[PDB]
K.L.:
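Please find one structure pasted underneath; my questions will follow.
No hydrogens, no waters, no symmetry mates; every other heavy atom, side chains included, goes into these values. When a ligand or atom number is given, it counts from 1 through the structure's own listing order. Every chain is numbered from 1 and lettered A, B, ... according to where its sequence line falls, protein lines coming before strand lines.
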Amino acid sequence: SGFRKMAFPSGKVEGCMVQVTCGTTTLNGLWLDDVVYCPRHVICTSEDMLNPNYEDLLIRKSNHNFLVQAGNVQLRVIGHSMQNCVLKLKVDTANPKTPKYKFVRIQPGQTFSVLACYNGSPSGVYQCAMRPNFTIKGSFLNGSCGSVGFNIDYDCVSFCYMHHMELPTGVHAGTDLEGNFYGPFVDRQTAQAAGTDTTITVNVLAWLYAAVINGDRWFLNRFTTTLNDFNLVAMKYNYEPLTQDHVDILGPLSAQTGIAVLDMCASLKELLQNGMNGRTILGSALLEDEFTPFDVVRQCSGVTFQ
Amino acid sequence: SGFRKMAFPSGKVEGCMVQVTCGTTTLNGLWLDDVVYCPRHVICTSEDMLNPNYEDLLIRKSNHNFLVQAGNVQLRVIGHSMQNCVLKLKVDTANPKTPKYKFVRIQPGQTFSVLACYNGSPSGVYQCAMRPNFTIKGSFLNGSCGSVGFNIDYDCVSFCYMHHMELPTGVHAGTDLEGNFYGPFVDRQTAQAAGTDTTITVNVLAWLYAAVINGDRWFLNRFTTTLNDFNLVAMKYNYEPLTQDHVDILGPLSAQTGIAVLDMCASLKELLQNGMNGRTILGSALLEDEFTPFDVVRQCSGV
Ligand SMILES: *[C@](O)(C(N)=O)[C@H](C[C@@H]1CCNC1=O)NC(=O)[C@H](CC1CC1)n1ccnc(NC(=O)OC(C)(C)C)c1=O
Ligand SMILES: *[C@](O)(C(N)=O)[C@H](C[C@@H]1CCNC1=O)NC(=O)[C@H](CC1CC1)n1ccnc(NC(=O)OC(C)(C)C)c1=O
């Protein structure tokens, strides 16, 4: 009972967070086995940031210019390399708290938890989605760079995001753990703007199913719709196209509630056309689009991690 | 920048969660030192749950009836006792991951993180306020009982809530870690209901400050209100009276933004009277009251 925006338990990731310092610059790194991953811009001064040549700047560094701290233990750096926009520091000590992990690249619409960190110390955890415009709506102050996003599957931590920068309007951009940016952004202090964002339609539908599961049913109407006719209406409200794959993905929640996906689509079509008229759904006055179908099932069925 | 509902990192608490089974009931316990804390209704059969005589039920139990598992490992129960609505199971092994901790009783309007768990295994983390009506708007399924709420200050975990029950409307009730319920609720199967709730005024003002700090400033206006005139309006909308103590508590946010509390109050009055006319604040179309002044400072400064 109840429905809440919920993050994964963060403990397995907390035990991987370190502080990385290069000259004057400090930010966070991810310690897994005998490697620390962090944003490559740790090697820049503020001077360099307008248009840094990272290959050149790194050549001029040595292992000893990297101070890595795990709490109050310094980790000795014995190698370094750059992969895209991440720096990999080889250290002489493997992290005893390394979880089972993998590195994944997520798609727009997918959600994940962020462990916000400062100076290598976890400070808070919250749930985000990769927006269609390849930004995230995060909460990040100076010092947060190198904080990561992740999912847990059973015992396995999938790292999908490392934080690098803030864009206009206070949204955020970063890379996968191979250092490739999500979106067309670059790690440079230069004019960049996100494209126009859109609503993640499949997620709105997941959350309408969540609503029904939790006893909110006022928006259910007597109609069905074709996929085509739904998309005609939804594109007019800056909604992402709903695909057959999305319809297929919503199948389990459809069967659970006994409301056909295209019947839910017809309800959403009416909500877009007529508004919510001051009413709320699951305690929100807007349609929520940062719960995936999986997120809904997970929360409504109580799936667990150890 | 940016402003998100944010829970504390849950690792220190995760290291304390165990599974407790008695008979056919399995739920969660909190393992600190050599004691496991859980809801006493773990000892009930469903027929007991009508008006359980806990004292007498517990006398009939053996330490052997309590199956406590921490991951793979069975913890032998060597002692049991009861404190209000909480059961304490002494075990023969002290939790090596016990953090620095305290048990606190939270006040209505204050917030805490919940670690929802099932079968002693962590499921998820989220933030709740203790409502004025002594409920929390949580997300809990069968098996979640014994999940706890907490705040972390530096390295010290302040435990403030343990989960016992759901109420009509899909809200939740529970106890402090001494087993005393928040609100007038009782741990038995009997029809119970939350009283009428009120909106935490000071928290709404904190969140409006958070909005301004993050550059969302459209609702600011050149007007001010007296404290009394503010309360006359807001109390019509079932907002808690704003006291001078509240105004004082907001002083750091007032100072950070340069907006006096009674200036911000004029925004709030106008939002209540006229609504948002299609606009949002920090991406919400409603006024949010589950962020404390501390939560906003913490998040807009980065502790
Ligand atoms: C990161 O370097 C750190 N040490 O924490 C930092 C994190 C940001 C600080 C405020 N919010 C953040 O998310 N990143 C940066 O400061 C980047 C570094 C660049 C290599 C990527 N950075 C530098 C300069 N400017 C910006 N943003 C900016 O100008 O924002 C506007 C467009 C909104 C004005 C930036 O992110
Ligand atoms: C808890 O015992 C557990 N094993 O997890 C459980 C948690 C709830 C189940 C669904 N979501 C929860 O939060 N608690 C209960 O089942 C309590 C036990 C009572 C001693 C306190 N309980 C028992 C009976 N009824 C209710 N409430 C109830 O039926 O609420 C309705 C009217 C909204 C359906 C209850 O919480």
Side-chain angles (χ1 to χ4, degrees), chain A residues 1-2 19-22 24-28 38-44 46 48-52 54 85 114 116-119 135-136 138-147 162-175 181 185-194 215 302, chain B residues 1-2 20-22 24-28 38-44 46 48-52 54 85 114 116-119 135-136 138-147 162-175 181 185-194 214-215 302:
Chain A
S1 61
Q19 178 174 41
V20 180
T21 302
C22 188
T24 164
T25 308
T26 305
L27 47 56
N28 305 285
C38 68
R40 67 178 171 169
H41 69 253
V42 73
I43 72 187
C44 304
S46 42
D48 293 309
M49 281 260 70
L50 276 323
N51 185 44
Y54 286 104
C85 306
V114 171
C117 295
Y118 298 86
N119 310 119
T135 65
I136 73 173
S139 171
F140 293 110
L141 298 179
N142 191 223
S144 59
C145 285
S147 295
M162 182 173 266
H163 184 51
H164 292 244
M165 60 199 216
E166 189 168 298
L167 294 167
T169 68
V171 298
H172 297 110
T175 67
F181 260 92
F185 309 114
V186 293
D187 55 339
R188 144 167 201 231
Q189 177 168 344
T190 201
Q192 305 178 77
Chain B
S1 78
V20 182
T21 302
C22 191
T24 61
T25 310
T26 300
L27 49 60
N28 305 286
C38 66
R40 61 173 182 179
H41 63 265
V42 70
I43 69 185
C44 301
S46 52
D48 293 309
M49 281 263 295
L50 276 71
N51 269 278
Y54 282 108
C85 303
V114 166
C117 297
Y118 298 92
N119 303 109
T135 63
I136 69 174
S139 168
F140 296 107
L141 302 162
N142 190 247
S144 60
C145 284
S147 301
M162 176 166 277
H163 185 56
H164 294 240
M165 55 178 285
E166 61 166 356
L167 291 162
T169 71
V171 299
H172 301 102
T175 67
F181 264 87
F185 306 106
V186 290
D187 59 343
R188 59 179 180 257
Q189 179 172 29
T190 196
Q192 298 179 72
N214 281 278

K.L.:
Drop me the distance from B:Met49's CE to B:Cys44's SG, to the nearest 0.5 angstrom.
P.N.:
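These two atoms lie 6.0 Å from each other.
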
K.L.:
Got a second to check how far B:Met165's CE is from B:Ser144's OG, nearest 0.5 Å?
P.N.:
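B:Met165 CE to B:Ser144 OG: 12.0 Å, rounded to 0.5 Å.
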
K.L.:
Determine the minimum heavy-atom distance between B:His164 and B:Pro39, stating which atoms define it.
P.N.:
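Answer, listing the atom of B:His164 first, then B:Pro39: CE1-CB, 3.6 Å.
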
K.L.:
Apply the test side chain to side chain donor-acceptor pair (under 3.5 Å) to residues A:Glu166 and A:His172: give CA-CA distance (whole Å), side-chain angles for both, the deciding distance (0.1 Å), then the verdict.
P.N.:
CA-CA 5 Å; A:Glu166 189 168 298; A:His172 297 110; 2.9 Å; yes

K.L.:
Tabulating one pair per line, provide the atom names and distances (0.1 Å) for every N/O atom of ligand 1 that is less than 3.5 Å from a protein N/O atom.
P.N.:
residue  : atom   : partner  : partner atom : Å
ligand 1 : 2 (O)  : A:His41  : NE2          : 2.8
ligand 1 : 5 (O)  : A:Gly143 : N            : 2.9
ligand 1 : 5 (O)  : A:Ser144 : N            : 3.1
ligand 1 : 5 (O)  : A:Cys145 : N            : 2.9
ligand 1 : 11 (N) : A:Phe140 : O            : 3.3
ligand 1 : 11 (N) : A:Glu166 : OE1          : 3.2
ligand 1 : 13 (O) : A:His163 : NE2          : 2.7
ligand 1 : 14 (N) : A:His164 : O            : 2.9
ligand 1 : 27 (N) : A:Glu166 : O            : 2.9
ligand 1 : 30 (O) : A:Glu166 : O            : 3.2
ligand 1 : 36 (O) : A:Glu166 : N            : 2.9
ligand 1 : 36 (O) : A:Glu166 : O            : 3.4

K.L.:
Hey, could you give me the CG/CZ distance between A:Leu167 and A:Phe185, rounded to the nearest 0.5 Å?
P.N.:
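Reported value, rounded in 0.5 Å steps: 5.0 Å.
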
K.L.:
Can you tell me how far apart OG1 (A:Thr21) and CG (A:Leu27) are? Round to the nearest 0.5 Å.
P.N.:
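Between atom OG1 of A:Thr21 and atom CG of A:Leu27 there are 7.5 Å.
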
